[PDB]
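**Q** Please find data14.txt (compact mmCIF, C-alpha atoms and all ligand atoms) on the next line:
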```txt
# COMPACT_ATOMS: atom_id res chain seq x y z
CA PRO S 1 -8.09 -2.86 -123.79
CA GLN S 2 -9.34 -1.62 -120.38
CA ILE S 3 -6.58 -0.32 -118.10
CA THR S 4 -7.32 -0.06 -114.37
CA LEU S 5 -5.96 2.70 -112.25
CA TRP S 6 -5.55 0.49 -109.16
CA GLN S 7 -1.88 0.77 -110.06
CA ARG S 8 0.08 3.09 -112.37
CA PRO S 9 -1.03 2.72 -116.04
CA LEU S 10 2.34 1.35 -117.40
CA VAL S 11 2.74 0.12 -120.97
CA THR S 12 5.49 -0.79 -123.40
CA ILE S 13 5.83 1.76 -126.18
CA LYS S 14 7.57 0.79 -129.40
CA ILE S 15 9.32 3.43 -131.57
CA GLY S 16 11.09 1.74 -134.50
CA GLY S 17 13.46 -0.86 -133.04
CA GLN S 18 13.35 0.68 -129.54
CA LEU S 19 11.23 -0.41 -126.57
CA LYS S 20 10.40 1.84 -123.63
CA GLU S 21 8.22 1.52 -120.54
CA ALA S 22 5.89 4.52 -120.16
CA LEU S 23 3.14 5.93 -117.94
CA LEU S 24 -0.25 6.78 -119.58
CA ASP S 25 -0.65 10.40 -118.48
CA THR S 26 -3.99 12.19 -119.05
CA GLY S 27 -2.50 15.04 -117.00
CA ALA S 28 0.01 15.91 -119.75
CA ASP S 29 -0.48 17.61 -123.17
CA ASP S 30 2.75 16.09 -124.56
CA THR S 31 4.72 12.79 -124.65
CA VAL S 32 8.15 12.89 -122.93
CA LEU S 33 10.50 9.93 -123.14
CA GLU S 34 14.00 9.85 -121.64
CA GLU S 35 17.20 8.54 -123.21
CA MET S 36 16.38 7.41 -126.75
CA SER S 37 18.06 7.80 -130.12
CA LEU S 38 15.61 8.79 -132.84
CA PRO S 39 17.17 9.68 -136.20
CA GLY S 40 16.89 12.90 -138.23
CA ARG S 41 16.17 16.51 -137.18
CA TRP S 42 14.64 17.89 -133.95
CA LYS S 43 13.55 21.33 -132.66
CA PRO S 44 14.67 22.65 -129.19
CA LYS S 45 11.84 23.09 -126.62
CA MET S 46 11.52 24.16 -122.95
CA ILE S 47 8.90 22.31 -120.94
CA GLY S 48 7.77 23.21 -117.45
CA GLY S 49 7.05 21.36 -114.21
CA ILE S 50 6.51 22.62 -110.64
CA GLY S 51 10.13 23.68 -110.03
CA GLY S 52 11.26 24.96 -113.48
CA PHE S 53 12.16 23.98 -117.08
CA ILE S 54 13.76 20.95 -118.75
CA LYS S 55 15.24 21.37 -122.27
CA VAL S 56 14.13 18.59 -124.65
CA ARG S 57 14.41 17.68 -128.33
CA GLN S 58 11.12 17.80 -130.13
CA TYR S 59 10.60 14.98 -132.70
CA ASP S 60 7.65 15.43 -135.09
CA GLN S 61 5.75 12.92 -137.21
CA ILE S 62 7.09 9.79 -135.42
CA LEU S 63 5.44 6.36 -135.85
CA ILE S 64 4.71 4.83 -132.37
CA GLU S 65 2.93 1.73 -131.14
CA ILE S 66 1.19 1.01 -127.80
CA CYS S 67 -0.65 -2.30 -127.09
CA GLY S 68 -1.15 -3.13 -130.82
CA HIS S 69 -2.34 0.44 -131.58
CA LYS S 70 -0.21 2.47 -134.06
CA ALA S 71 -0.24 6.26 -133.89
CA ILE S 72 1.63 9.19 -135.40
CA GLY S 73 2.77 12.23 -133.38
CA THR S 74 5.37 14.34 -131.65
CA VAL S 75 7.76 12.74 -129.10
CA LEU S 76 9.78 14.94 -126.71
CA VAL S 77 13.13 13.38 -125.84
CA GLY S 78 14.82 14.52 -122.66
CA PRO S 79 15.30 13.82 -118.94
CA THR S 80 12.06 13.01 -117.19
CA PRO S 81 11.54 11.34 -113.77
CA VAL S 82 9.18 8.89 -115.57
CA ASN S 83 8.33 8.36 -119.25
CA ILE S 84 4.89 9.78 -119.98
CA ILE S 85 2.44 9.43 -122.92
CA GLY S 86 0.42 12.67 -123.03
CA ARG S 87 -2.91 13.40 -124.78
CA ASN S 88 -1.23 14.09 -128.16
CA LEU S 89 -0.79 10.27 -128.48
CA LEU S 90 -3.66 9.18 -126.15
CA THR S 91 -6.15 10.77 -128.66
CA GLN S 92 -4.36 9.12 -131.61
CA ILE S 93 -4.97 5.60 -130.12
CA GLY S 94 -8.60 6.51 -129.31
CA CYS S 95 -8.07 6.39 -125.52
CA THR S 96 -10.79 7.78 -123.26
CA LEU S 97 -11.45 8.08 -119.51
CA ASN S 98 -14.52 6.03 -118.35
CA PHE S 99 -16.41 5.97 -115.00
CA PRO M 1 -19.40 9.57 -118.38
CA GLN M 2 -16.91 8.94 -121.16
CA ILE M 3 -14.23 11.68 -121.40
CA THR M 4 -12.25 11.99 -124.61
CA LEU M 5 -8.79 13.57 -124.40
CA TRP M 6 -8.91 16.06 -127.26
CA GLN M 7 -9.03 18.79 -124.51
CA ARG M 8 -7.51 18.74 -120.98
CA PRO M 9 -9.81 16.53 -118.83
CA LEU M 10 -10.95 19.35 -116.48
CA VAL M 11 -14.00 18.57 -114.37
CA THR M 12 -15.86 20.33 -111.63
CA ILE M 13 -15.37 18.86 -108.18
CA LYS M 14 -17.38 19.46 -105.02
CA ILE M 15 -15.17 19.57 -101.88
CA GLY M 16 -15.74 21.24 -98.48
CA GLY M 17 -19.01 22.68 -99.90
CA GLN M 18 -17.24 24.57 -102.73
CA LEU M 19 -16.97 23.96 -106.47
CA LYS M 20 -13.49 23.89 -107.97
CA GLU M 21 -12.09 22.94 -111.39
CA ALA M 22 -9.62 20.00 -111.39
CA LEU M 23 -7.51 18.05 -113.90
CA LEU M 24 -8.10 14.23 -114.06
CA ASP M 25 -4.51 13.06 -113.89
CA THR M 26 -3.60 9.35 -114.41
CA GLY M 27 0.11 10.40 -114.21
CA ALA M 28 -0.22 11.22 -110.47
CA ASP M 29 -0.69 8.76 -107.51
CA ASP M 30 -2.21 11.48 -105.36
CA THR M 31 -4.76 14.35 -105.39
CA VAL M 32 -3.31 17.91 -104.94
CA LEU M 33 -5.54 20.96 -104.63
CA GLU M 34 -4.76 24.74 -104.38
CA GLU M 35 -4.86 26.21 -100.87
CA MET M 36 -8.39 25.92 -99.53
CA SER M 37 -9.82 25.86 -95.98
CA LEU M 38 -10.39 22.26 -94.88
CA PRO M 39 -11.54 21.69 -91.27
CA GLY M 40 -9.49 19.54 -88.82
CA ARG M 41 -6.09 17.93 -88.34
CA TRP M 42 -3.52 17.44 -91.14
CA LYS M 43 -0.17 15.68 -91.62
CA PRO M 44 2.88 17.47 -93.24
CA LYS M 45 4.11 16.08 -96.56
CA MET M 46 6.57 16.77 -99.38
CA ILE M 47 5.70 15.89 -102.96
CA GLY M 48 8.18 15.98 -105.88
CA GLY M 49 8.02 17.10 -109.49
CA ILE M 50 10.48 18.71 -111.94
CA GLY M 51 13.16 20.65 -110.05
CA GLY M 52 12.15 19.93 -106.45
CA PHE M 53 9.40 19.42 -103.89
CA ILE M 54 6.36 21.28 -102.67
CA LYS M 55 5.29 21.35 -99.01
CA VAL M 56 1.66 20.14 -98.69
CA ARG M 57 -0.88 19.36 -96.00
CA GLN M 58 -2.26 15.85 -96.02
CA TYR M 59 -5.93 15.42 -95.07
CA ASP M 60 -7.52 11.93 -94.89
CA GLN M 61 -11.27 11.04 -95.20
CA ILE M 62 -12.31 14.12 -97.28
CA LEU M 63 -15.66 13.84 -99.08
CA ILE M 64 -15.14 14.86 -102.69
CA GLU M 65 -17.76 14.64 -105.46
CA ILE M 66 -16.91 14.42 -109.17
CA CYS M 67 -19.59 14.21 -111.90
CA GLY M 68 -22.08 12.65 -109.40
CA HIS M 69 -19.60 10.14 -107.92
CA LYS M 70 -19.16 10.77 -104.21
CA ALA M 71 -15.76 9.52 -102.89
CA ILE M 72 -14.04 9.64 -99.45
CA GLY M 73 -10.23 9.93 -99.41
CA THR M 74 -6.88 11.62 -98.96
CA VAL M 75 -6.43 15.11 -100.41
CA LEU M 76 -3.11 17.02 -100.37
CA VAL M 77 -3.52 20.85 -100.07
CA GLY M 78 -0.87 23.31 -101.25
CA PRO M 79 0.61 25.28 -104.21
CA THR M 80 0.18 23.60 -107.62
CA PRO M 81 -0.04 25.00 -111.14
CA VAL M 82 -3.32 23.03 -111.55
CA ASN M 83 -5.70 21.15 -109.22
CA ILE M 84 -5.09 17.45 -109.92
CA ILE M 85 -7.31 14.43 -109.28
CA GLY M 86 -4.83 11.55 -108.88
CA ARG M 87 -5.24 7.74 -109.05
CA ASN M 88 -6.06 7.36 -105.29
CA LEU M 89 -9.46 9.03 -106.01
CA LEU M 90 -9.78 8.14 -109.73
CA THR M 91 -9.66 4.39 -108.90
CA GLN M 92 -12.12 5.06 -106.00
CA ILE M 93 -14.86 6.16 -108.48
CA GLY M 94 -14.12 3.23 -110.89
CA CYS M 95 -12.25 5.31 -113.49
CA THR M 96 -10.40 3.38 -116.22
CA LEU M 97 -8.58 4.12 -119.51
CA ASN M 98 -10.12 2.45 -122.53
CA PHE M 99 -9.11 2.16 -126.17
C1 LIG B 1 -2.49 21.53 -117.02
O1 LIG B 1 -1.62 22.60 -116.62
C2 LIG B 1 -0.35 22.08 -116.39
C3 LIG B 1 -0.07 20.70 -116.60
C4 LIG B 1 1.23 20.19 -116.39
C5 LIG B 1 1.43 18.66 -116.60
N1 LIG B 1 0.86 18.03 -115.35
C6 LIG B 1 1.21 18.47 -114.11
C7 LIG B 1 0.13 18.79 -113.25
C8 LIG B 1 0.38 19.28 -111.95
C9 LIG B 1 1.70 19.47 -111.48
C10 LIG B 1 2.77 19.17 -112.35
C11 LIG B 1 2.52 18.66 -113.67
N2 LIG B 1 3.66 18.43 -114.37
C12 LIG B 1 3.90 18.35 -115.70
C13 LIG B 1 2.94 18.37 -116.74
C14 LIG B 1 3.35 18.20 -118.06
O2 LIG B 1 2.54 18.27 -119.00
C15 LIG B 1 4.84 18.13 -118.44
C16 LIG B 1 5.62 17.45 -117.31
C17 LIG B 1 7.12 17.30 -117.60
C18 LIG B 1 7.60 16.01 -117.88
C19 LIG B 1 8.97 15.81 -118.14
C20 LIG B 1 9.85 16.89 -118.07
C21 LIG B 1 9.36 18.17 -117.78
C22 LIG B 1 8.00 18.39 -117.56
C23 LIG B 1 5.40 18.15 -115.94
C24 LIG B 1 2.25 21.06 -115.93
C25 LIG B 1 1.99 22.43 -115.73
CL1 LIG B 1 3.30 23.43 -115.17
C26 LIG B 1 0.67 22.93 -115.95
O3 LIG B 1 0.30 24.24 -115.77
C1 LIG B 2 5.52 7.87 -111.47
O1 LIG B 2 6.67 8.69 -111.10
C2 LIG B 2 6.48 10.06 -110.91
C3 LIG B 2 5.26 10.72 -111.12
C4 LIG B 2 5.14 12.09 -110.90
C5 LIG B 2 3.78 12.79 -111.18
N1 LIG B 2 3.65 13.06 -112.67
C6 LIG B 2 4.65 13.62 -113.34
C7 LIG B 2 5.10 12.83 -114.41
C8 LIG B 2 6.20 13.28 -115.16
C9 LIG B 2 6.81 14.49 -114.81
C10 LIG B 2 6.38 15.25 -113.71
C11 LIG B 2 5.29 14.82 -112.97
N2 LIG B 2 4.99 15.65 -111.96
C12 LIG B 2 4.27 15.36 -110.82
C13 LIG B 2 3.72 14.11 -110.44
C14 LIG B 2 3.03 14.00 -109.23
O2 LIG B 2 2.54 12.91 -108.94
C15 LIG B 2 2.89 15.19 -108.23
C16 LIG B 2 2.93 16.52 -108.99
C17 LIG B 2 2.86 17.73 -108.06
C18 LIG B 2 1.70 18.49 -108.05
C19 LIG B 2 1.62 19.61 -107.23
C20 LIG B 2 2.69 19.96 -106.39
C21 LIG B 2 3.84 19.17 -106.38
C22 LIG B 2 3.93 18.06 -107.23
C23 LIG B 2 4.15 16.60 -109.92
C24 LIG B 2 6.27 12.81 -110.51
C25 LIG B 2 7.51 12.17 -110.29
CL1 LIG B 2 8.86 13.16 -109.79
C26 LIG B 2 7.59 10.79 -110.51
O3 LIG B 2 8.75 10.06 -110.33
CL CL B 3 6.21 18.56 -112.24
```
Can the structure in the file be given as structure tokens, please?
Ligand SMILES: COc1cc([C@@H]2Nc3ccccc3NC3=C2C(=O)C[C@@H](c2ccccc2)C3)cc(Cl)c1O
Ligand SMILES: COc1cc([C@@H]2Nc3ccccc3NC3=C2C(=O)C[C@@H](c2ccccc2)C3)cc(Cl)c1O
Ligand SMILES: [Cl-]
**A**
Amino acid sequence: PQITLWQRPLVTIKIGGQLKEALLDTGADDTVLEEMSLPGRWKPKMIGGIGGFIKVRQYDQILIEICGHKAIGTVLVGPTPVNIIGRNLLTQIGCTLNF
Amino acid sequence: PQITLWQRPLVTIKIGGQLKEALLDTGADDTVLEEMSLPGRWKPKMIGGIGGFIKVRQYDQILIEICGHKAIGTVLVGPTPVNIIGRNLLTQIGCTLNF
């Protein structure tokens, strides 16, 4: 697909039997999704924004789907003001910036 | 051009006669640049991220050039961990996400 930037680039992301709305974020290395229950083990991680650090749970090797495109990667689960898909998953769906 | 997302999408921008490096950031509505000297009148603004808000100066009708594409728009000046080109300007130069 081609996604315009005339409004925020919002998509539904599927992880297993869970659906979440998320913002395609080329400004972020990592994917951060709030309030979801993935199974199995996680690693603790501090991630930074302008005013400090949020603690998140790092989930590796997760199967995700975005607009019919499957990808594998790390999801960070923790409180975020918006759910964001960073470049770790943007590259895995073959997403580029074009102008 | 086409910009893959394997690396941070940092581009050179021309603004107020000077060349600066900036992050192309589809996760942000607005363009935020490190303190620079811009001529003329400005409007006070507060912009939020993780943990709080940063005081910025809002300047309208700023000529900014990115990879040949000359745009005119609103730039917010103040402290930021990285210069960010937001959707206001990205959509102005016909930037899209494609996969
Ligand atoms: C490219 O360099 C940077 C990029 C970024 C990324 N882009 C931003 C660019 C300019 C200002 C602020 C953000 N903010 C966030 C970003 C992230 O990658 C993580 C994100 C986040 C999400 C949820 C919970 C906590 C944190 C906060 C941040 C910093 Cl501090 C950088 O130095
Ligand atoms: C779509 O909703 C939001 C988008 C964003 C934007 N993208 C992020 C997405 C997830 C987590 C954090 C950031 N952070 C920043 C963002 C901005 O648009 C401004 C940016 C900034 C830059 C310099 C100085 C101050 C602030 C901080 C933030 C919040 Cl709080 C949102 O609710
Ligand atoms: Cl932030």
**Q** Can you check which residues of chain M have any atom within 8 Å of chain S? Use all atoms listed in the file and format it as an MDAnalysis selection string.
**A** chainID M and resid 1:6 8:9 23:29 49:53 80:81 84 87:88 90:91 93:99
**Q** For range 85-93 of chain M, what centre and edge lengths in Å (one decimal) does the axis-aligned box get once 4 Å is added on each side of all its listed atoms, as lines of an AutoDock Vina configuration file?
**A**
```
center_x = -9.8
center_y = 9.4
center_z = -107.5
size_x = 18.0
size_y = 18.0
size_z = 12.4
```
**Q** Could you tell me which of M:71, M:63, M:32, M:76 comes closest to ligand LIG 2 (chain B) if we count only C-alpha atoms and all ligand atoms?
**A**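 Smallest distance to ligand LIG 2 (chain B) is found for M:32.
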**Q** In Å to one decimal, how far is CA of residue 22 in chain S from atom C10 of ligand LIG 1 (chain B)?
**A**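 Distance between the two atoms: 16.9 Å.
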**Q** Please identify all polymer residues lying at most 12 Å from the point (-15.6, 22.2, -100.6) (file coordinates), using all atoms listed in the file, and present the result as a PyMOL selection string.
**A** chain M and resi 12-21+33-39+62-66+75
